[PDB]
Structures are given as structure tokens and as C-alpha cells.
Amino acid sequence: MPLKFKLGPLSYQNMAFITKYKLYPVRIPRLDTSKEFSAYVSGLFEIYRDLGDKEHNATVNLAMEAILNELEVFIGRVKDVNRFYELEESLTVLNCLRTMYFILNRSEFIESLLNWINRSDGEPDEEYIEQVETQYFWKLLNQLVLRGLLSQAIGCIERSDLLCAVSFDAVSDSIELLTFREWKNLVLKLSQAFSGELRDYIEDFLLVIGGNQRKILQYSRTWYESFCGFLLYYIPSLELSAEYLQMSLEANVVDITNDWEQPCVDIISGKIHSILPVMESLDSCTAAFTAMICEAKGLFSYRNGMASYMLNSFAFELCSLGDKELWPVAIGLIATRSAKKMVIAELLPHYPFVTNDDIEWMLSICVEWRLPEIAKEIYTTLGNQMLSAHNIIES
Amino acid sequence: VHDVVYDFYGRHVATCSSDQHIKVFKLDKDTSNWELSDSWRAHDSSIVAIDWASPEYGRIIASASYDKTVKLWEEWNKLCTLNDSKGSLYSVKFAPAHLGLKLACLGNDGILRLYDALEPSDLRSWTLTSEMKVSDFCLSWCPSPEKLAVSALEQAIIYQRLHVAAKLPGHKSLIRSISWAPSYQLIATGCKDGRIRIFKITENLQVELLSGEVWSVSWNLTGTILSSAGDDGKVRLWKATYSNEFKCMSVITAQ
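Residues numbered from 1 in each chain as written, not as in the entry; some residues may be left out. Chains lettered and ligands numbered in written order. Heavy atoms only, no water. Residues with missing side-chain atoms left out of burial classes, pairs and counts.

Structure determination for this entry is recorded as X-ray crystallography, at 3.50 Å resolution.

Per the PDB entry, chain B is named Nucleoporin SEH1, and its organism is Saccharomyces cerevisiae. Regarding chain B, the UniProt comment filed under Sequence similarities reads as follows: "Belongs to the WD repeat SEC13 family." (UniProt positions renumbered as here; feature names shortened; annotations may be inferred.)

Under the annotation held in the PDB entry, chain A carries the name Nucleoporin NUP85 and is attributed to Saccharomyces cerevisiae.

What follows is the structure, given as C-alpha cells:
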């Protein structure tokens, strides 16, 4: 049988007539049916419109807050799933990009780290209870200390503490504790001061809290658990970035499975760009908008710039979407000055205007963008509906 | 059922069934179902072509059938009738409003008819024909330099100003759809040799080709998402990479 497929504008309607005689209307897969997504866009676009402007540093990192927030919020609106899964995933990738180039001190950074790490849909919860000594406890004990999850760690230690308690007890006094450098002293004083095969597992654990690279790789189960571990327990510097990230990757490979893990590596590597083509695949919108921040911090209609490309190609999504309240975003984003003019000039035609206010706006454009050909004809639909009225009042 | 089209906005949709009469639907701004506006029997041979006109003038439909005719229709009710052909017509499409209101058809014969409807009164439905010459084929217009692409059996030509100016190389079999990128401009075709080709024209020609038999190909207005549909029994949609090779985003099955 011979299919056939005609296109838009969508807002959920493309036709698929075939062959017997049925007419099949159909939406563009993964297309965002407007939703509360309509609200999210504008919210970013306000962050966008607010940035027109050291001072640049601070202000940027702030706008990152804005953006990050705006996405955390939209993600809720959704939970209350596909669209949720691949949204959350954008978040963690993007929850990374902040921790690495948008904090530069000592307090806020660790938070974002821990944050970025555990918020990444990783929950041993059913398995905490599936462990309730032996091997399994030890592996887990440390995995918690790695992901910075200290209160959890302790909680699960409460199991069999009783029966060198003098050190155990002490360790908890220290784990409860985290200048921090003074901390690591106390942690080692104890490691060195320091009956069976269990007695051995114990020294290990002390090395993990002390930051024994070889060991933060022993009880680490995923390249990022180590990466984090190091940062938290070994020595916290970002100038050691590239080396923390290399050791970890030789130890335990990365998942091609989850389309989030790889991107964050590239974030830690400096190779940013390799983010944006993945980002789009998840949500074209936020990708276009992370692209921009990046550029902030740091006749040719494309390959003008890489960030200036997901902008214009995101605008062109909305102009085939139909949301009358998002065009002020399209054209807002879109504004070479003579080129824009020719682009605006073929877009404005398709604006779904209704209110006199809507038209009050559309004109507000023609003024600054000088598209007189565009108003003249408007005047004719407007002029016409008026005549239709007169012709009905006289009757 | 050989064709189905859209108005300038996306509300109505005209369909020429297997049955000589041509339906026209529209969906309610209230609930999304597709409702019938009118249905009437014009030509005798199952219609194979259809287009809507630009609203710069009003609301009009052009049909094309194997009764060697093409007719203009307003609100519906017939206006004018074109019977220059000595052979059935296979395809029809209104030129882009940007030039005005002209038309172009193609049929079994080989006559590239271009009926231009004009007048300083601006409102007359009078139409004289400017035609020049080169089974299954079709044709497509370019929106912006008055140019249109044409598909014959296994061939693909590009005319300008009726003055040939470029041909599209490749098709190893009978072509089936021709679409001009809404805009350098680019064209797409659904060949029978079982593959989709995207050619890129500047000011010359290139190609970026992706692999049953392809049948119908479509663009949208922006994001320039292409539509391959074929005997595979599915529909695929393509976007452009940062570097212009097209890649498939997602697929729809009719298993």
C-alpha cells in the first residue's frame, strides 16, 4: 500500500491520507502540546530579555540560578512520563554545567556538587533495606560516603556497631563534623593510630574517608562516584579536574545507555559544544537556552555562531506551533539587520491574531521593522470585518 | 484518494476521493474533530491533483483530472474551466502569491501549461495561458526569482524566466513527489528507486541522499522538516544538522 504524508502548521495537525479511504490526522512525535511548557518558555525568555547588558560574572551565575530554577519548576508541573524522563536528564547535565563554570566559593560549590550528583535519578532506597557484618555492607557503606550522603551512611551504621569502638565512635564524631583542612588531619590522626577479616574491611573504610585514591576507586561503582569522592575526600581543587576525571574512567566505563552521563564528562573536559546537540535531542528549548548562557560566560544566515543557531532554529519551532502568546518570543529572540527583516517579513504573515491588542502588537512590530507591505493588507481583513459589521447593523 | 491539501492557516483541508467528487474538511475551534464543509462532483476521472490559492485574493480551489481539464472554484461553486490540454492532467499548483495569481499544470501530454490570471480591475476571473513543453509525474513551485521544479518519468527539470536553467541529477526511476524548501534553496523528491534525495541550489547543485518505494514527500513552513512516506508502511521526518546532512528524528508506523 502507498502511504502519503502532508505537513503543517501542526499544533497537532498533519494529515496522513493513504492508498483505503480514511483520513489520518497526526502529531509530530515528542512534540510539546503547549501545556505548562508555554509558561516555561516565556520564563526563560524573561531571563533572556533581562540580560541585554567581574560584574558580568556575578550577574551571569545569577541568571544560571534563574534558568536552573525555571526548569526545576516546569519539571514539577509535569510530574503532577517520557517527557519527564528526558527532562530530568537535561537537568542533571545542566546541573553539572553550573557546578563547573558558574560557581568559581567554598560553601556553595560543595552543595551544587552533592546536588548535581545525587539528584541524578540515583536511588539505592529499595536496596538499603535489601541489605538489612559482611561484604555487601562494606561496599555500600563506602558508596554512601562517596556520594557525600553522610547522614545516610551513619544511619546504616547504627546496625551492628556494638561488637576498637574507640575509633568507630570517633569516626562518627568526625563524619558528623564536615578550615576543613584541619578536619582531614583529625581523620588521618585516627587512620594511623589504628578482630579478623572484618578487622581489615575497617582499615579500608578509614582510607576512603581519608581519600585514598586507590580505594576511592575500589569501593566506587561509577566513574562519577569516584570523581565526586576524590573532590570531597582527597583534595578539592578544580585545577586537578582533568586528572580526577581520567583516573575514574580507566577504572569503570561510562554508560552509552543513559544519554546524560557522557555529556557531563564533556562538561568536565572543557569540550562544551558536544553538549548542545545532545541537549536538543532531549528538549530543543532548554538546549537553545543553555547554549546562550554559555556564550555569555564564554550574506551569512547560519554558521554565524553556534549559539546564535539554536536560537533561530528554536524560534522557527514556535512559528509552526500556534501559541499566540509565544510569537512575542519568536520575534523577540530573532531581534545582520537586513536579514532579520526578510525573515520577520515572512513569519508575521502566519501570526494567529485575534484581539485588537494582538494587532496593536503586530503593528508595533511593523513600525520598528518597517514592513509596510505587511500592515497594508492587515488593514484589509480589519477593514473587511468592519464592513461586515456595518452591513449587519443597518439591516 | 490521490491528494489532500491545506489552506494558508491550517484549518481547512481539501480531499479528492477515489470517486470523482472532492470533499473539503475543517476542524472546530471547539473540539478537534474533522468536519465536512461541502462535497461536490466536478470532473469524471478520479482527481489526482489539488491546491489552495493565496488569501491575497480569497478562497479558491484548483482541481486536476483525467478529463483533460483544470477548474477554478470559489465559495463552493465553479468559476472558470481550463481545457487547453489534449491530455489528462496529473498535477497542479498555484504560483506563490508573491508574484501574483498564476497557475501551472502537467499531464499525460507533456504540456507545461501556465495560466496567468490578471487584470487592472484586479478582480476578474479571466485567465490566458503561457505554455511551453518539456506514465506518472508532478510539479512544485518556489516561494521567495520566478522558478518552479518539474518531475517527469525518471527525470527532474528546473525552469525559469519558461527558460530551462538547471536539471536535478540522479533518479534511476520514476519520481513521485517534488517539494521546494520554503527558504540558498533546496528541493526534495520521493523517487521510485526507493530513496529520498535532497538537492542544494545556490544563486549550481549538490545532493545529500538517504535510503521500499518512496511515495510522498513534504516540508513544513519552518525547521524545514521533510517527510518521507512510502511502501515501507511508515512515515519519517528529517531535520538538518549543523552541517546540512539531514538526520531522522522519529518515525510513525501503520503496521
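Structure's up, so let's keep going.
A. Spatial organisation of the overall build of chain B. A count of helical and extended segments in chain B gives 0 helices and 23 strands. Scaling as 2.2 N^0.38, a compact globule of 255 residues should have a C-alpha radius of gyration of about 18 Å, and chain B matches this with 18 Å. Seen through its principal axes, chain B has C-alpha atoms that stretch 50 × 50 × 30 Å. (Helix = DSSP H or I, 4+ residues; strand = E, 2+ residues; numbered from the N terminus. Rg over C-alpha atoms; globule rule 2.2 N^0.38 Å.)

B. Up close: unusual backbone geometry. Residues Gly8(A) and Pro9(A) are joined by a peptide bond in cis, for which omega reads 0°. Tracing the sequence through the fold places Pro9(A) in the segment before β1 (14-17). Unusually for a residue other than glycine, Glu154(B) sits at a positive phi of about 75°. Residue position: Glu154(B) is located in the loop between β13 (148-151) and β14 (156-160). For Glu203(B), which is not a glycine, the phi torsion comes out positive at approximately 50°. Structurally, the position occupied by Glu203(B) is in the loop between β18 (196-201) and β19 (208-210).

C. Structural detail: the sheet that holds β14(B). Residue and element names in this part refer to chain B. Spatially, the 4 strands line up as an open sheet ordered β12-β13-β14-β15, and their pairing is antiparallel. In the strand order of this sheet, the two ends are held by β12 (138-141) and β15 (163-167), each with one partner. Direction aside, the axes of adjacent strands within the sheet are offset by 25° on average. As paired strands, β14 and β15 are joined by 4 bridges and run antiparallel to one another. The residue of β15 that forms the bridge with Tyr 159 is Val 164. (Pairing = 2+ DSSP bridges. Axes fitted to C-alpha atoms, helices over the stretch in contact; angles between N-to-C directions.)

D. How the structure looks around helix α10 (residues 198-210) of chain A. Across its 13 residues, α10(A) extends 19 Å between first and last C-alpha, which sits within 8% of the 18 Å expected from 1.5 Å per residue. Positive backbone phi, at 100°, marks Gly211(A), one or two positions downstream of α10(A). (Expected span 1.5 Å × (residues − 1).)

E. Representation of the state of the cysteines within the structure. The disulfide that involves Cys96(A) links it to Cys264(A), with 2.1 Å between the sulfurs. Between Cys285(A), a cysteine without a disulfide, and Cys319(A), which holds the nearest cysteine sulfur, the sulfur-to-sulfur distance is 13 Å. Free of any disulfide, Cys16(B) has its nearest neighbouring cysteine sulfur in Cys138(B), separated by 14 Å. (Disulfide = S-S within 2.5 Å.)

F. Spotlight on the packing of helix α1 (residues 37-49) of chain A against helix α17 (residues 327-334) of chain A. All names here are of chain A. Packing of α1 against α17 leaves a shortest axis separation of 10 Å and a crossing angle of 30°. Viewed along their axes, α1 and α17 adopt a mutual orientation that is roughly parallel. Viewed along their axes, α1 and α17 form a crossing whose handedness is left-handed. For the pair α1 and α17, contact is made by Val 41, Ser 42, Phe 45 and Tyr 48 and by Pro 328, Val 329, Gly 332 and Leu 333, respectively. (Parallel < 35°, antiparallel > 145°, perpendicular 65-115°, else oblique. Left-handed = near helix turned anticlockwise from the far one by under 90°. Contact = heavy atoms within 4.5 Å.)

G. How the structure looks around the interface of chain A and chain B. Residue-level contacts link 34 residues of chain A with 41 residues of chain B. At the level of elements, β1, β2 (23-26), α16 (307-318) and α18 (337-347) of chain A are the ones that each hand at least two residues to the side of chain A that touches chain B.

H. Region of the structure containing the environment of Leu97(A). Mapped onto the secondary structure, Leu97(A) falls in helix α3 (residues 82-101). Counting along the chain gives 15 residues from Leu97(A) to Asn82(A), while the straight-line C-alpha distance between them is 23 Å.

I. Quick look at the packing of aromatic side chains. For the pair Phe230(A) and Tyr244(A), a centre-to-centre distance of 5.3 Å together with 70° between the ring planes defines the contact as edge-to-face. Of this pair, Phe230(A) sits in helix α12 (residues 223-233) while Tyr244(A) sits in helix α13 (residues 241-251), placing them 14 residues apart in sequence. For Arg176(B), the ring lying beneath its charged end belongs to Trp215(B), and the centroid distance is 3.7 Å. The cationic tip of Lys200(B) hangs over the ring face of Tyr184(B); the distance from NZ or CZ to the ring centre is 3.9 Å. (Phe/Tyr/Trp six-rings, centres within 6.5 Å; stacked < 30°, edge-to-face > 60°. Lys NZ or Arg CZ within 6 Å of the ring centre and 35° of its normal.)

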